[PDB]
Structures are given as structure tokens and as C-alpha cells.
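What follows is a single structure, written as C-alpha cells, with notes after it.
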Amino acid sequence: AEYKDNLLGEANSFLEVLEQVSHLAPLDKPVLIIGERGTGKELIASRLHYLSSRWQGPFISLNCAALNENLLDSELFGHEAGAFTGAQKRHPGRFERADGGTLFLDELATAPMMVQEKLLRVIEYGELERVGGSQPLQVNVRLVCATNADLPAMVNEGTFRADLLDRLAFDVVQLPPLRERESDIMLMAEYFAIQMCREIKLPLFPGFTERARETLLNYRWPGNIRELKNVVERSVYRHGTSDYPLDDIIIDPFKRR
Amino acid sequence: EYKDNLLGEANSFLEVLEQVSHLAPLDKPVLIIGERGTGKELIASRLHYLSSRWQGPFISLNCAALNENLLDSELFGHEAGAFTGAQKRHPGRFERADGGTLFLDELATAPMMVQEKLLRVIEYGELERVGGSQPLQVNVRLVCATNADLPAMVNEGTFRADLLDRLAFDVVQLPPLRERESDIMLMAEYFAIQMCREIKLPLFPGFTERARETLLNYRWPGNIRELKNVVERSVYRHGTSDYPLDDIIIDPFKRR
Amino acid sequence: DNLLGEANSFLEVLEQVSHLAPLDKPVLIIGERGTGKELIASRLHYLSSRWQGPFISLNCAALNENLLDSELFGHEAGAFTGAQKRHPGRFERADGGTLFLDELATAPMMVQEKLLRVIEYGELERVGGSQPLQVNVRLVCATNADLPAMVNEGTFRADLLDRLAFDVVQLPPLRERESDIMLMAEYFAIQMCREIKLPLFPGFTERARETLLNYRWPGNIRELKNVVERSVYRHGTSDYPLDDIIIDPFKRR
Amino acid sequence: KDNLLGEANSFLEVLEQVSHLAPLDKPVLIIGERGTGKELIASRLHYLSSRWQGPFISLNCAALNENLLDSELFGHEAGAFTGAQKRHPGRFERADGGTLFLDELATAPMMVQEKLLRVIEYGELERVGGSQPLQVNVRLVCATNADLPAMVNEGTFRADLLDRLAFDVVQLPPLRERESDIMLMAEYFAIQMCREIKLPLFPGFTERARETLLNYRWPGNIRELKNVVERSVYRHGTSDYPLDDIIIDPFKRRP
Amino acid sequence: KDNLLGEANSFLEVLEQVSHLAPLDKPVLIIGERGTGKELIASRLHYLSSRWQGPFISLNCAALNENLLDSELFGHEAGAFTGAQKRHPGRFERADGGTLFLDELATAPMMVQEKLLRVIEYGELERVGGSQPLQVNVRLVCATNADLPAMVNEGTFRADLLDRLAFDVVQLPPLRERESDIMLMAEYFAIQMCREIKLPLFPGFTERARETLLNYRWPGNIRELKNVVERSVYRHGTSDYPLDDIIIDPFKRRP
Amino acid sequence: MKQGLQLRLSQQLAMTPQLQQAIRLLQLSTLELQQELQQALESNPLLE
Amino acid sequence: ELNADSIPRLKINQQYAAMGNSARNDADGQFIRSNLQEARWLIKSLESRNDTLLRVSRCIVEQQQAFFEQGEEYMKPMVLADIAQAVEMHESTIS
Ligand SMILES: Nc1ncnc2c1ncn2[C@@H]1O[C@H](COP(=O)(O)OP(=O)(O)O)[C@@H](O)[C@H]1O
Ligand SMILES: Nc1ncnc2c1ncn2[C@@H]1O[C@H](COP(=O)(O)OP(=O)(O)O)[C@@H](O)[C@H]1O
Ligand SMILES: Nc1ncnc2c1ncn2[C@@H]1O[C@H](COP(=O)(O)OP(=O)(O)O)[C@@H](O)[C@H]1O
Ligand SMILES: Nc1ncnc2c1ncn2[C@@H]1O[C@H](COP(=O)(O)OP(=O)(O)O)[C@@H](O)[C@H]1O
Ligand SMILES: [Mg+2]
Ligand SMILES: [Mg+2]
Ligand SMILES: [Mg+2]
């Protein structure tokens, strides 16, 4: 039906990952993504939510690292009454966001052991933890995961229990590295340059330099995110009135002179 | 025109102003590399002057000091949650000025969860709320300033790398008081005129070579705070003196 | 009003405080252990035209219920009979007269910054009663020996304190006017003897006076009054003079 | 009458200092080991003070939680209270003209102590629901076992407030230090228990018992005397013959 | 009176000390080891105490929450706060002069001892903002599965809390220490289990089991003995079974 | 910031339910509300 | 407008109010003050009705165009409590 815009690249690994996502799309099982920092695993997860979930299924992007107070993390589970300073109205909504949908998280490494254990004791049985006194709800919610650290690495560290690590990781979706892609990286760079030229509302073509491409190849670019491409496009944007830009700045503090 | 507050005659200052004008035409996150007492929203004032929402001034008010829980509450405020009652989104940072540019300061003290919320703010992201779901999306640009080198903090693992990078779309370096040497006399004269107006002094009676030498020898940590203190001392003294009165300095403690 | 120390530097500071008293500018000065600068400023305000005005002095250490803004504007309607016997509020009492502030070092820094902002804006509002403030009545505060380093350390907002007071009261040295301190001690001893219904002052040995100089009076008048009181009470008689000086109330025997 | 023990010459000087303190309405602090009973001494002094017929406030420090002065100390007799509004008596208000003893005041919150000291020095009730704060002539007393000299230096209490809160603070000599009222207290407690336990008479402390008492370090002081009486309660089973070893330490284990 | 006496010399001495202390209403402390049963010994003593026709109701010490320590100490008069349901029954008020046998005394927090400091005083039940404290002398008694003198050395508890115990701390001998009625206790426990296991009779496991227990540390002094007996009975599930090959090591893992 | 049943803040509002307020709502009686308003204005002295 | 022309918006007689303000008799002045209080109550009622109408119109327009374009068969469920929460007014008032 509707396809989100994606960068064009000759990366058969990306196509295989897409095909695997399509295969797991009819399936309703936990999905784990091995995406590193800046790999845009969130975009892949959303694309899955387009197909893996039922059409127009609820989606929610809550990061456990974003949680401020572990008490609020408890509040992330529904509270009936008598919680916190004001118990007048209580609706966590996260389980409501969970209900009729999937669960997507990023960098699930930082969670406290209790948080992870509660998550296991909720997901595996399907029942919902309630902060206030109430019968738990067996909300049918899928689970999708995307983290940088190796699952065996945490197992050696012991952060995730064997039951928790296993039941958490049913399918593995390795995200290709940006440094892994070279030609597909260049094609996606050109596509992002075109998109940025459209966004900046500049009719003139952006243009590129061979030395700039060589330097970009030299750049580590650990994050395959549009953010690194956006930084490149901003370095281009610092130059104007020339059909093809020359050179670029790695960082604003860099080359301050 | 925003009264052209803190008119910096420095060529580097002019280039920074032009860059800020370019950024204000844009509506994307931008980083302001500032220092304590330097560029205290003066660049933000220029940005509001050149803001795309020129008619509708942005919230600005980047400077803020609060506790960790307090900063988190400033991020997310719900009427039922927390101690305060019947006030949801009491900070209302995005509610302060629709669009415009969200302005932040002292991001170093922000927690890892706070930094993650900041990162989600940098990209297209939903509002923060203690309870319920916040599908409400208010588009607004991002501005921020801290006095530290966040590259070290990321290297030290004290802030989110993604937040540091995405926020650092284009870092706006700032010059400190020590950077301003030739324009210091002009800033002193402008502050003297402003003080004479505010203190009802007839005019700036004049400076002294000893006063200028002392001001130069002064550390002057603040770009304008040192200038402000010097101006206040000179206004208080010369208002009765009606003369340069050598150098009038302000010290928190006085002995003999 | 009442007898006070009269050190030369203290005399100059008192003259300056009296000169500033006619102006209704806000007052916020750091205070020593003996302090008394607040009392001097109060006497100056009594001398100035600010006299006969309200002199509400709130030691900002106790917060009741929400307080904060509700503390600032205590007129709260609802959950009551529909009429309040006396709910003017801190701002209303501050309006029309001198507004002294105490226990401010431990008061919330946010509370202080909000009060300083209201010092110009005056955006007072409450369910029981609201007012645009801007009463222009003079304000006073007790910084309580606040360190500017703490503002540099960030414990308290530097701008919040700077906008509050453009000027402050200096602290005279405790060493100054040591002989007059003996006179103040004698006056306090006479007052206590009248209070204790003592017959008369039996006198003091010069050695005890020299020992008092050695103690250096760390609490200044505050320490001196306590030391004199302890000496009189331990004397327990007015037959002969006292030649014993106790540096501290804590002692071993 | 109410006063007990005091046979020591240091205790005599303490009684003289109490007589001197009676002239001054200013509050003071009583210092002594656990079980000192200096609180009872202060209460007897207040009875012998100007208000011969007056109230007294026990007012233990760790009895008010999450409550300001106007909840139990000052009270909320006025309306406009949080939620429901009603009359509510206050201990500090009700005790005016009487005695307001603080039981173990050293173990009180530091900021709350600072606020209380600021209120006391000013002498204004403030609070809410009242037209006039006025002043109270209640006798402010305190008695504990801790040593403030170290806690104040450690920041456990406000130094300036402690200096203001301190006027005629005195430390009673240890009961173990006196080592004289041993026999007197032993006889008094023996009579009290024999009356209480309905015993025919006091069996008496033998020479070994007296030697043990003399050698006793007596960390509890008067409380150690109470412990000795409790041990003699076991010796009450031996009321037929003189008690050989009345002294006992509960920490040690028999057989 | 529904407690099986140890029927041993040390047990008989403990029962005698309990009977001697039964008329005495002063505070008590129990230093019996793990699995002592003083929860039942003190109850039987209260049944045989002076206030036999008295309302005796114990309560758990560490069970009280951190937020409402004052509420546990005494019910708030409801003059203030959202509460509008008069005064809750205070701990001393709930006791009403009866037995309030303190369990889990060792695990209390510092604020608990701080409240007990006031509780040391006779009666004086002062609610939240009440008129006047009420004197309620209730039989006080404690127990400590941990070592109270060791705690005092560590300083976790208060010295006044140590002073709270008015009588000697009765201590139960270890199961290894007594080992006297182990056979008879095992027989009674086996009979009780067989009645519970719906077996009219069953050969008890005592052949070499007494020797094994003599070789056993038996930390679960009263509990684990009967627990193991019942476990072995359930595993065997047969009456015509000799008293052999019966053992319980639930923590250990069989091959 | 997760303590429970702490010190209660003083209520600074009331329900103030008045039959006048309910009649003011009029359940949005519209033309019926117009007729009621006319009747009241006739009963109200110095009205219109 | 929800028949703003048909809305009564009636007001008390200002001339009679001035006459009541100028009434010599103290009791007559008190009666006039009571009538003025009643008129202020009526004005508050009318203003509240108008404000409720405007808020309800805004809340409906938040989704009415979507329903109108989508069609009757494409009608999303509507909750009175949800509408009141969106308007932030009392749910019983909205009902
Ligand atoms: N194949 C792709 N085509 C276009 N954009 C991509 C692609 N992969 C990643 N991105 C971009 O990377 C950005 C961030 O990616 P990602 O790292 O998945 O987000 P997160 O930081 O939440 O993990 C997204 O805005 C997305 O546009
Ligand atoms: N100049 C003075 N004359 C008379 N009494 C003084 C003088 N200075 C200080 N005192 C006494 O010392 C005490 C200091 O009290 P205060 O000013 O409240 O101290 P602080 O302000 O440091 O808390 C006062 O009670 C006052 O009686
Ligand atoms: N003056 C005294 N004479 C005799 N016994 C005393 C005296 N003072 C206290 N006691 C005894 O010591 C104990 C008093 O302890 P308490 O009043 O709690 O002391 P504290 O001052 O440490 O609170 C009681 O056993 C009491 O009989
Ligand atoms: N004399 C006894 N006869 C029978 N059972 C006993 C006896 N003493 C203790 N018990 C058993 O001990 C258990 C109580 O545990 P207890 O020893 O009170 O733990 P604690 O001493 O740590 O409070 C009861 O189930 C009871 O059956
Ligand atoms: Mg992400
Ligand atoms: Mg003071
Ligand atoms: Mg037990």
C-alpha cells in the first residue's frame, strides 16, 4: 500500500533483512535487532510495524533509558489508586499503548534487573503488571527490540536472566554496518543529497567533489543515521553560490580558523 | 530590531551574527558554543530579530537552573502526577512559543534520561508526559548552549552520544570577555551611557586612564557581567561625585 | 531606641544605613553571628519616613501546605465558609510598609528568584485575593552570611541574588571597639541584675577583662551576652567582684 | 520532695545551680547519661519555679512526622484548615505559662530545629488562622544523653541556633562517677521491690555483692542501678538469706 | 496452654523462670535462638500472667511502614490532613494495658527506636494534635533472634532500647544443646503428621535417626525437626516401613 | 517524589454547587432556555 | 455561530439601575443591589452558555470535517467523556 521513503543502496544484506522482516510479518513473535548506535534501527522497526503488525495497528516508541525515576517506571505499569502525591487520576497508557500492538525499545541494556525481570514475567505470560491493586490484564502485545550490545555479552555480564534473555530474543535481525556499506553508502549519500536539496528549497544542484567523497570514505560514520548524512549535508550547506561544493568541515570546532 | 543589545564591533562577532541570521531563517536544531557570562541570550536576541517568526517572538529564556527531578518535571508535567495539582504542562516549553526555537542551557547537568529526552526533542518527537500518551506534536526548532566541551563528556560517557551529535548540527562558537579587547572601551562607554540614563545621571562625566588600566587588569570573567558591575559601581560613585572618581570597583566583601 | 555598639567603622556603616533608609530600595545584607546590622537598619527605617508603615518580617523557614506562591499570596478562597476572617497574605502585609525577610539562606533558591522577579513585575494573584502589587513599599531581607562562592558554586542563582540587592551592609570587625564591648557587657549585666532582682553590680576584675580579650568573642555581642550571663549566674552573689571568665558554657570539672 | 538522690557534693553544686537557674526564666539544657533522670530534675525545678501551679509538656522529639508546628505543637484551633477545617489544640500554644520540656531534643531535624530557633528568638507564633502571634511564657526545657559538642561541629544541628538555644547548659556527674549513692539506691530499690513483690524484707547485699557493686563500671548509671534492682528481683527468690552476688550483667550467658 | 513443654532440665528451668516472671509486668526481652518458640512461651506466660483475664494482643514490630510511623505509634486525631475518620487506634491504645508481645524487634529501623524512646515513658498516649496524652501501662516484652549486645556494639539500636528490657533475657538452648526430648518430640510430631496424613498409625523414624540428629547441626531448632519428620513421612507414605533411610536436606540437591 | 500519604496541602477551591448554576446550564434548553430566561427577566425587576 | 441572532443576550435596564443607585431609601438601595446581583448572575449564565457553545463548536469541528468528508458509513465512534476531556470542561456539563 504505502511505502516510507528509504535511501537507495545496493545492499543485498538490507534486502535480505527486509525479506526476513516480511516473513516474520505474518508471525507474531518477539523480534530483536542488533542495530548499533545510529543505524536507524527505529526506522526498520517502524517499517516492520507497517507490515508485521496488523494494518493500522497501535505502535509506541518508549525507550527505557529515557525513564527518569524507577518509581515512574513502576508508574509505567498501571496504578489503580493511592500512588504518588496525587492519586486522583491514574492512566499510565503504556500498557494501553501496548494493547493491540507491538512493543519497540532501544538500548534495552540500561534497564535495572528488576525492570527486566518484571518485563519477562509480563511478556512471557502476557499479563500486565498493575501498580495499583487490580486484576492483571493479558494484553496481547508483540515485542520488538533493538540494542547495540551483544546478548551473550550481557549474559556473561549476567544482566539478562537466561529465561529473560531467551524469551526476549526469539528472532535476530542483524543491522548491516554503515562502514560495511561502501557503494550502497555512496548511493544513499547521493539520495540524501537530493532529498536535502529538495528540503533546503534551493533550485541549484548541490554538487560534490572527489576529495569530499574520499574524506567521507575516511570518516568513520559509525551512525548510519540520516543524522550523519544531515551533518554532511550541513557541511555542504555552509557553502553557497557554487554548483559543486569543495571540501567540508568535520566539526564546527574543527577548522575554527 | 531588538534594540541591537550588546552591539559587538568585532568582525568575528559580525560573522557569528550572520551565521545566527542564517540559522534563524532555518528551523532546525543548532548548537551555541558559549561560555559563562558570555553571549547571555544576546545571540538569541539577534536570532529572534532574524527569526522566521519575527512577528511572533520565540520563548527564548534558555538559561535555567533546577534540580534533576525539577528539570524532569520541567520536561513532563501532568496535573495528577507529582506534588503540584491542577497544572499539566506547567513549564510548557513548547507551549511557550509555537514553532520558533526551543532554547536550553546547562545541558551538562541533564541526566542520561534527560539527555535522551533532549535528543528526542531534537528530532521529530512527541511531548513528554508523566502519565498517559502524549501524541501531541508541537513543531518547534532547537537551540542550546553549555560552557563545556561535550565531546569529552561523550568520551567520558556523561551524555548521550546521539543527543550530542544530532544536537550539534552546527555549533555556534562564542567569544568570551577575554576575547573582547578593542571593543571593551566601546562596551564600557555604552554601559556608562545606559547607567547615566537609568541612574538619572546627567551624562557620562568621563573616564580615567587609571580606571581603564584597572579594568584591563581586571579578570572580567563576565562578558557583560563584569561590565555591568563596573558600570553599576561607577554610576553609584560618580552620581554623587559628578566626576570620573578614578576607578570604582564592586567587591562582595569590604574590609577597612 | 536602644543602646547599640558604636565602632567607628560601625558608626560609618550606621550613617550609611540611615541615609539609605529614606529610600525604599530593597534591602538584603549578609549577617554575622552577632549581626545587629538588621536591628540598625530597622532603627533607621523607624527614623525614616518608612516608619508607621507595616513591618512584616517573615523568617522564611516554615512552609505551610503548598505555600510558595500560596505563601506569597495567602488569600485562598474555597473549601471554607465563603468568607475569611483574616487572609491578607505575605504580599499584602508587605504592601504599604517595610517587608523584612529572614531565614532566607535556607529558603528555596527558586522561591527567592520568584520573589525577586515579582519585585519588579508584582504579578500577585490568588483565589481569595489578587492584586497587581507594585506597592513600592520598601523591602528587606536577611542573606544570612551567604557566600558569593556558593553562587559561583551554583548552590544559589547568582542573578537571583544580584537583582535582589544592588547594595548590601558591610560587617564591622568583632575586634573593633573592644572597650565599648565592656560597656555593653556592663549594661547587659545591669539589665540582668534588674531582671534577676540582684542587689547591685559587685564589679569585675581586670584580669577577667583581659581574659575576655583573649577569648576574642567569636560570637561578638551574641557570645558576650551569654558569657556575662553565665558569669553572673555562676557568681550567685554580689558581695565581691568576679575574677573568673568562662570562654565557653561547656566546661569540665 | 520530688527531687531524688543528690547526696553528692557535685550534686549539691548542681542543686545550687538549679536554684540560680530558677531566678532566670531563660531556657536551659540538662545533660547526662542515659537514664540520668535530669528531666525529672527539671520538672521538679519547674514545680519549684515561679509557676508553682502550671502545665508541663512532655513533647518527645520523635513524635511528630510530616507535620509542621501548627499540627501538634502550635495547633490548628482556627478554621480554614487543609481540607476540612475545625478546632485543633496545639501543645506549644496550650503550654503557655507552664513547662514545655523537649524529650531528646538533640535527635530532631536540623532544618526544623533552625526554624524552631528562629521562631523562639523572634518570639512570634506566626502560623496560619491567627490574627496575632503573641508570645508564650512556657518553660522551654530539654534533656537527652547525646553530646551536642560533636554533633554541632558535624552539622547535625545549626551552630548558631545551638548557641542561642544554649544558656545555662549543665552536665550532671555520672552515677558511676559518684560511686556513693550505690548503697542508698540499693536500699531504696530493695524496699520498693519488697513492697512491690510482697517480700517480707530485703535479704541484703553481702560483702561480695558490695564488692561487685564497687567494681561495677555501671555504664547505665541510674539505669545501671535499675538493672541492679532487676537482678535483685532474681535475688528476691533468695530472700531467705542475704544475697551473695546481686550484681549481674544480662549480656553474659549463664552455664 | 497448648504448648508441648521441652520436658528437659534446661527447658524446665526456662519454664520456671517464665513462671517467676509471669506476675511481673515490667518490660521483657527474649534472646532465644532461632526456632525457640518464645512466640508461644510468652503467650503461655501471658495466660499464666497476673492479667490472665486481660486483653492480650501482640503485633509485628518491623511490619509498620516508613511513611506512617506516627500513625502506628498513635492514631491521628483527624483534625488535620485529609483524614476525617477521628483517631485511629494507637499501638499503646490498641494494647489498652494488655500484652503486646513485640516480635521481630531486631529488624526495626532507627526511627522506630526513636519512637520507642517516648514509649519508654509511662503511658502518655499523645495522638496527632490531641488534647492531652493518656497513661496506658501495657505489659511490655520483646524478643531478638539477633544478638542485641552485638547490635549495641554496632550501634544500630539505641542504648535506651537496651535499657527497655527490665528483666533478664531468657535464652533458649540450641537444639544441639538440648537434644533431650528429641525422641519424644519426634514421636509427638510423627503422631500429629499421621493424624494429618490420614494414617491411624505409622512407625516413627527414630532408628539411628537420634544418632543422625546428634550429628546434625539442626539450625531449624523447633521447626526443621518436625518439618523433616513430616517430609520423611510424606515421602515414605507407608506405615509398615522401618525407621531407616529417612533424611531431609532440602537445600542440597540429590544426584 | 514517590512518597505516599504525605502531608496534605490546604485545599484552595470549592465545588460551590448552586441550583443557580444548574439552572444556568439549563441542560442547553435552547428555545426552552429562552422562554425560561424571558420568564425570569419578567420576574426580575429592572430587567430589560 | 449557533444561531447567535436567535440568542437572547438580554440585559437589565441601565436607567432603572441608575435610579436604584440613586434611590434615597436604604432598603430600596439594598433591593436594587440584590436585583443587580441577580442581573450579574444572569449575565454570567449567558456568558457561560456562549462559551460552552463556542467550545463545543471547536471540539466538534476538531473532527466533524473528517466525518463529513469520510461519509456516514465512515463515521468514527464518539465518546462524550472523550469530547469533554478534549474540551477540558466537566464531563457532566458536556453531557
Ligand atoms: N535505508 C535508509 N534510508 C533512509 N534513511 C535511513 C535508512 N536507514 C536509516 N535512515 C535514517 O537514520 C535516521 C536514524 O536512524 P536510527 O539509528 O534507526 O534511529 P534511532 O537513533 O532511533 O536508532 C532516521 O531518521 C532515518 O531516516
Ligand atoms: N548593638 C547592639 N546593642 C544591643 N544588643 C545587641 C547589639 N547587637 C547584638 N545585640 C544582641 O545580640 C542578639 C543577636 O540577635 P540576632 O540579631 O537575631 O542574631 P542573628 O541575626 O545573627 O540571628 C540580639 O538578641 C541582641 O539582643
Ligand atoms: N535523682 C535521681 N535519683 C534516683 N534515681 C534517679 C534519679 N534520676 C533518675 N533516676 C533513675 O534513673 C531512671 C531515669 O531515667 P530517665 O528519666 O529516662 O533519664 P534520661 O534523663 O536519660 O531521660 C529511672 O530508673 C530513675 O529511677
Ligand atoms: N515446646 C514446643 N513444643 C512444640 N512445638 C514448639 C515448641 N517450641 C517451639 N515450637 C514450634 O516452633 C514454631 C514457632 O517458631 P519460633 O521458635 O517461635 O520462631 P522464633 O523463636 O524465631 O519466633 C511453632 O510452629 C512451634 O510448633
Ligand atoms: Mg533511537
Ligand atoms: Mg538567629
Ligand atoms: Mg519466628
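Scheme for the C-alpha cells: letters A, B, ... for chains in order shown; per-chain residue numbers from 1; ligand numbers from 1 in order shown.
For chain E and chain D, which have identical sequences, superposing all Cα atoms of the second on the first gives an RMSD of 2.2 Å.
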May I have the residues within 10 Å of ligand 3, computed using only C-alpha atoms and all ligand atoms, as a PyMOL selection string? (chain D and resi 2-7+11+30-42+103-104+142-146+172+175+181+184-185+188-189+220-227+229) or (chain E and resi 117-118+120-121+160+163-164)
When the cut-off is 7 Å and we count only C-alpha atoms, which residues of chain A are near chain B, given as a ChimeraX atom specification? /A:65-68,84-89,91-93,227,231,252
Hey, what's within 8 Å of residue 157 of chain D if we count only C-alpha atoms and toss same-chain stuff fewer than 3 positions away? As a PyMOL selection string, please? chain D and resi 106+109-110+113-114+151-152+154+161-162
Give the residues close to ligand 5, within 9 Å, counting only C-alpha atoms and all ligand atoms; write them as a tab-separated table (two decimals) with C-alpha atoms, in the first residue's frame.
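And here is the file that came out, part.tsv:
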```
chain	number	residue	atom	x	y	z
A	37	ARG	CA	24.26	3.38	17.51
A	38	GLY	CA	22.90	5.46	14.66
A	39	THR	CA	21.94	2.50	12.46
A	40	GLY	CA	18.34	3.72	12.17
A	41	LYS	CA	17.01	0.51	13.66
A	42	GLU	CA	13.96	2.52	14.68
A	43	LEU	CA	13.07	3.15	11.04
A	61	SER	CA	8.31	4.06	20.92
A	63	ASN	CA	13.00	3.95	25.49
A	105	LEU	CA	12.51	-0.28	22.55
A	106	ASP	CA	16.05	1.00	22.00
A	107	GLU	CA	19.19	0.36	24.09
A	146	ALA	CA	16.91	-3.11	19.03
B	120	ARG	CA	14.01	13.02	21.08
B	162	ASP	CA	23.31	10.58	19.78
```
Starting from chain D, keep only residues with some atom at most 6 Å from an atom of chain C, counting only C-alpha atoms, and report them as a PyMOL selection string. chain D and resi 23+80+115
What lies within 6 Å of residue 48 of chain C using only C-alpha atoms, ignoring chain neighbours under 2 positions off, as a PyMOL selection string? chain C and resi 21-22+45-46+50-51
Would you mind exporting the chosen residues as an mmCIF file, in the first residue's frame, restricted to N, CA, C and O atoms?
```cif
data_model
loop_
_atom_site.group_PDB
_atom_site.id
_atom_site.type_symbol
_atom_site.label_atom_id
_atom_site.label_comp_id
_atom_site.auth_asym_id
_atom_site.auth_seq_id
_atom_site.Cartn_x
_atom_site.Cartn_y
_atom_site.Cartn_z
ATOM 1 N N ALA C 21 17.984 54.463 54.384
ATOM 2 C CA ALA C 21 16.656 54.143 54.905
ATOM 3 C C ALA C 21 15.559 54.990 54.283
ATOM 4 O O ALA C 21 14.478 54.447 53.995
ATOM 5 N N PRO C 22 15.740 56.296 54.074
ATOM 6 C CA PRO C 22 14.675 57.080 53.427
ATOM 7 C C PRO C 22 14.285 56.547 52.061
ATOM 8 O O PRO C 22 13.097 56.557 51.716
ATOM 9 N N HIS C 45 14.970 52.621 59.582
ATOM 10 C CA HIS C 45 13.652 52.677 58.958
ATOM 11 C C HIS C 45 12.647 53.363 59.872
ATOM 12 O O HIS C 45 11.772 54.101 59.407
ATOM 13 N N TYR C 46 12.753 53.117 61.179
ATOM 14 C CA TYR C 46 11.930 53.847 62.137
ATOM 15 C C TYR C 46 12.238 55.340 62.094
ATOM 16 O O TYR C 46 11.335 56.174 62.226
ATOM 17 N N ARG C 50 9.639 55.712 56.291
ATOM 18 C CA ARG C 50 9.066 54.374 56.229
ATOM 19 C C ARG C 50 8.471 53.951 57.563
ATOM 20 O O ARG C 50 7.747 52.951 57.618
ATOM 21 N N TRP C 51 8.768 54.683 58.635
ATOM 22 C CA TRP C 51 8.138 54.424 59.920
ATOM 23 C C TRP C 51 6.628 54.589 59.815
ATOM 24 O O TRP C 51 6.111 55.230 58.896
#
```
